Novice: 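Can you keep this structure in mind? I'll have questions shortly.
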Amino acid sequence: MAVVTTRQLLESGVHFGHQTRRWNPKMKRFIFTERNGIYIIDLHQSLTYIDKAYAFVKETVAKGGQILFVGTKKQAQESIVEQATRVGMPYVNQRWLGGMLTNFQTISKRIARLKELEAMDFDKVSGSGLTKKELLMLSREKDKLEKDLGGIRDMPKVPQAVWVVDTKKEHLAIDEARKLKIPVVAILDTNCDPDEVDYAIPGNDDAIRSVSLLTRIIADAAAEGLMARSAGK
RNA sequence: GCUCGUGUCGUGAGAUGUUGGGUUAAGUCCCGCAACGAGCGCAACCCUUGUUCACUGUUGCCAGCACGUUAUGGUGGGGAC
């Protein structure tokens, strides 16, 4: 969308990148100016790329829409979850584990187990008595499953697209996504790869708000598409 | 301790899980983790021993009561031990 063009980007500081020490060579075209070691995003083609990502997410929600918001960095832990819960869009925030996208059967088994336990554990703790170190360990297992699984509850089948923040940390997600052929949209700074991302959105990924405004705008896009789905049906 | 399902890595045998840090009598748990799970083992359920309560009182027991061959709770009786 408009997102007041480059004004919001410049005020927030998206133009920041990484220094010369580590760099992905596929960024040769993507160079504005060498300012104080930190690489500078031109932020001009960024508008076009975010517009293209917006168009693709509109098309995905037109065909029905299922975006998996994957995130692990401390700069996005407290940002991804709130917007994903607001839009009602599936998300993972703590320890994206090997599988899920490929271990569909096991993850669905754990989804069913979590669904049944979230009721039976509460019924047992609130009703009939139970001894210690058994109810306690079941509650602890519930807590661990809740910590390691958030918005993954609601998915009937394989998703439609995945939104990635800090692909360097969440590398395995893109490998699974490319193996199973799902659209990928990711935040990439000057050290990431365009070959493994179809709809690439360059920009900083080291600040809390730097990923927060992008996740907020894509959440607004998802909410608008979900509203339009009422007429689309 | 030994393995499996699925995933993943490798052309392949195979690997990962099951490595690492901490802990435990224990692959016992915890933390992190391309692993996510499960199974047989460990543990627990069983028997016995250590404390205690209720119930029952003979062929067991005898605190309070009455005699007993002198004598043996032998006796009527007693639920205390």
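Chain naming here is simple, since letters A, B, ... match the order of the sequence lines and numbering starts at 1 in each. All heavy atoms count here, side chains included; hydrogens, waters and symmetry mates do not.
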Novice: Write down the distance separating the P atoms in B:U16 and B:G1, rounded off to the nearest Å.
Specialist: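 B:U16 and B:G1 have their P atoms separated by 15 Å.
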Novice: Can you list, in residue-number order, the parts of residues 91-112 of chain A that come under 4.0 Å of RNA chain B, counting heavy atoms only?
Specialist: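 Going residue by residue through residues 91-112 of chain A, the ones with a heavy atom under 4.0 Å of RNA chain B turn out to be A:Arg95, A:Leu97, A:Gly98, A:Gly99, A:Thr102, A:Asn103, A:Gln105, A:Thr106, A:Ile107, A:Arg110.
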Novice: Give, for atom CZ of A:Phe16 and atom CD1 of A:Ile40, the distance between the pair rounded to the nearest 0.5 Å.
Specialist: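 The CZ atom of A:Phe16 sits 6.5 Å away from the CD1 atom of A:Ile40.
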Novice: My validator wants the stems of RNA chain B: runs of 3 or more consecutive Watson-Crick or G-U pairs, both distances under 3.5 Å, written as range with range.
Specialist: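 In RNA chain B, stems of three or more pairs: B:1-6 with B:35-40, B:7-9 with B:14-16, B:20-22 with B:29-31.
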Novice: Is the shortest side-chain N to carboxylate O distance from A:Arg216 to A:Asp220 below 4.0 Å?
Specialist: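 Yes, A:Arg216 and A:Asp220 are salt-bridged.
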Novice: Decide if atom NZ of A:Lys124 counts as having more than 12 heavy atoms of other residues, nucleotides or ligands within a radius under 6.0 Å.
Specialist: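 Counting neighbours around NZ of A:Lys124, 12 or fewer heavy atoms of other residues, nucleotides or ligands fall under 6.0 Å, so no.
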Novice: So does A:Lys179 get a side-chain nitrogen or oxygen closer than 4.0 Å to the phosphate oxygens (OP1/OP2) of B:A34?
Specialist: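 Result: no.
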Novice: Among residues at least two apart in sequence or on other chains, which ones pass ring-ring contact (aromatic ring centres under 6.0 Å, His included) with A:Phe56?
Specialist: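 For A:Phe56 the ring-ring contact (aromatic ring centres under 6.0 Å, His included) partners, ignoring immediate neighbours, are A:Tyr199.
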Novice: Please report the distance separating the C1' of B:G7 from the corresponding atom of B:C36, rounded so that it comes out in whole Å.
Specialist: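 Pairwise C1' distance, B:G7 against B:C36, rounds to 8 Å.
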Novice: Under the rule syn = chi within 90° of 0, otherwise anti, which is B:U48?
Specialist: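 Anti conformation here, the glycosidic angle of B:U48 being more than 90° from 0.
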Novice: What's in the same ILVMFWY side-chain cluster as A:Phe122, cut-off under 4.5 Å, chained through other members?
Specialist: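 A:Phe122 clusters with A:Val125, A:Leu130, A:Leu135.
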Novice: Got a sec, which residues hit side-chain hydrogen bond (donor to acceptor under 3.5 Å, both in side chains) with A:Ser210, two or more places apart in sequence or on another chain?
Specialist: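 For A:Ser210, no residue satisfies side-chain hydrogen bond (donor to acceptor under 3.5 Å, both in side chains) once neighbours in sequence are set aside.
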Novice: In residues 137-161 of chain A, which residues come under 4.0 Å of RNA chain B by heavy atom?
Specialist: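 Residues of residues 137-161 of chain A that come under 4.0 Å of RNA chain B are, in numerical order, A:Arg140.
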Novice: Hydrogens and angles aside, do A:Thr72 and A:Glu170 bring a side-chain donor and acceptor to less than 3.5 Å of each other?
Specialist: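 Result is yes, a qualifying pair exists.
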